[PDB]
Each structure stands twice: as structure tokens, then as C-alpha cells.
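Q: Below is the structure, and that's it, no one-letter string:
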Ligand SMILES: Cc1cc(C)cc(S(N)(=O)=O)c1
Ligand SMILES: [Zn+2]
């Protein structure tokens, strides 16, 4: 009886195995746009993915992860609200059963169809496992997805999904360029939070872009053909793998723009 997204093991149960679920800096949150204050001390985000080297894509039974080679100084997030440099390790998505839900963060209570998380660890801690033990260990860049025009730079991801349908399947996935997933503007909101699945560690500086990317209905429909189950087990479509907004508590959300 491990955690997941069902009536029987979903977000409202996680606190039993992971008490920090009811902690002081949990994610995601609703971004109330009128209350977020412009911070003129915030810097432009620096996203440098020119040398990113993808290796593999993995269905982990909750989502799929596009994994990177993080053994050299290459694909780095810095600037913005961050001190120091954060190295890209993986990206994944959260999405809905319907276009009207699927994002983790919300904007004035608006739910997007999906949300992309580009995960980076602070190089001052030497690797990911040590970084997640620190309050400034990770920086997660969150990007909303809406359904409209296709995102060409997403299609290589979509087309490999047939080969990782079920939990525990992986496939080689080299030379994927995550720059093709970024919107035009790097305007963002930022706040201190957590991982959004167990273990729910309070180790993340969240940077959520204001501009969503557009993906087509056909692209998100192929996300929804993935399975949470393993091969040879009853089919459970991989949909609604998002955590609802959590209490903001004693936090401020800052805007990079206005
Ligand atoms: C458990 C966990 C691990 C990683 C690397 C990333 C997340 S999230 N969804 O907060 O980006 C969760
Ligand atoms: Zn995530």
C-alpha cells in the first residue's frame, strides 16, 4: 500500500507516511497574482541549456522523467532569486484526465492542463541526494501547459511514450534539447516550498513562469495513454498525477515583473 494518486493512496493520505505533508513550506500553492509583490531586487532568470545532455526517459509509475547527464557543469539555472548555480538533473510533467485540470500550481485558482517541472540541484552540495537535505538544495522551474497549437519541441517526447507505457519501463533518449519547451518570456513568480510528491522534502526554491506553453490536444492525449500500473497488471491510466494547492502559511510569493 505505497503512495500514489487514487482514492486510496492519494494526496489526502500522504501525511500518514510523510508528516511534513502538513509542514510550513509545502508545494504547490495558488499564486494570487494581485498579492504577489513585484520585487525589483530579483534578477532575470539565467537558463543555460546549450550543453544539456539527455540520456534516458523513464516511466516511474507516477510520471515519466527525462533524465540528464549531470556529471559535468553544463545545463545550469542561475540568477532569478537564486544564489549560486543549480544543475539540471531531470524534467517531468503533471497532467489531468481533462484539459480543465492537471497543473499543480494554480494562478488565481486557474488550473492549467499540465505543468512541466525542470529540476536542478545546488552544486554547493555536490550531488542531488545531499542537496535535497538542504532548504536551498533544489530549484524547480515550473512551466504551465495549455491546450492549443502543438509544441514542436515536445513531439520527440510524445513519440517515445509508446515505448515506456508501463511502470518501470525506460528508453534511451539522447540529444533532447529542453530549450524547445520554454516559452517566450522568462517572467516568473518565486517562493520557498517543497517537493510535490513524497518524500515532500522542504528543499525547493520554486520559480514558476507566468507564460504558459501551448501543446496540442493530440500531444496531451498521448500523455494520458501512459499507465501507472506495470506490464501485465490491470490498466490504470496515468492521469491526474497532480497534488492540489497547499496552505501558503507564512510565505510571500514574489514577482519578477511589473
Ligand atoms: C519526489 C520529487 C522528486 C523530484 C526530483 C522532483 C519533484 S517535484 N514534483 O517537486 O518537481 C518531486
Ligand atoms: Zn513535479
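A: Yes, it's here. Residues are numbered from 1 along each chain as shown. Ligands and ions are numbered 1, 2, ... in the order given.
Q: Enumerate the residues of this structure near ligand 1.
A: Where the chain comes near ligand 1, counting by C-beta under 6 Å from any ligand atom, the residues are 117, 119, 140, 195, 196, 197. C-beta coordinates here come from the backbone N, C-alpha and C atoms, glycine included.
Q: Can you say which helix or strand has the third one in it?
A: Per DSSP states H and E: residue 140 is located in strand 138-147.
Q: For that strand, name the packing helices and strands.
A: strand 86-95, strand 114-122, strand 204-209, strand 213-215, helix 217-223 (3 or more C-beta pairs under 8 Å, 6 or more residues apart in numbering; DSSP states H and E).
Q: Parallel or antiparallel, list what pairs with it.
A: strand 114-122 (antiparallel), strand 204-209 (parallel), strand 213-215 (parallel) (DSSP bridges).
Q: Mean neighbour count added to the ones you listed, as a markdown table?
A: Below are the strands paired with strand 138-147 laid out as a markdown table (neighbours: other C-beta atoms under 10 Å):
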| stretch | mean neighbour count |
| --- | --- |
| strand 114-122 | 25 |
| strand 204-209 | 25 |
| strand 213-215 | 21 |
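Q: Is it possible to get TSV of the residues of the chain next to ligand 1 that adds distance to residue 4?
A: Compiled in TSV, the residues of the chain next to ligand 1 are given as follows (distance: C-beta to C-beta, whole Å):
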residue	distance to residue 4
117	18
119	20
140	21
195	15
196	14
197	9
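Q: what's the burial count for residue 158?
A: 18 (other C-beta atoms under 10 Å).
Q: For the residue nearest to residue 152 when sequence neighbours are not counted, list the residues it contacts.
A: Nearest residue to residue 152 in three dimensions, chain neighbours excluded: residue 180, at 6.9 Å (C-beta to C-beta, 6 or more residues apart in numbering). Going by C-beta atoms under 8 Å, 6 or more residues apart in numbering, residue 180 touches 151, 152, 153, 154.
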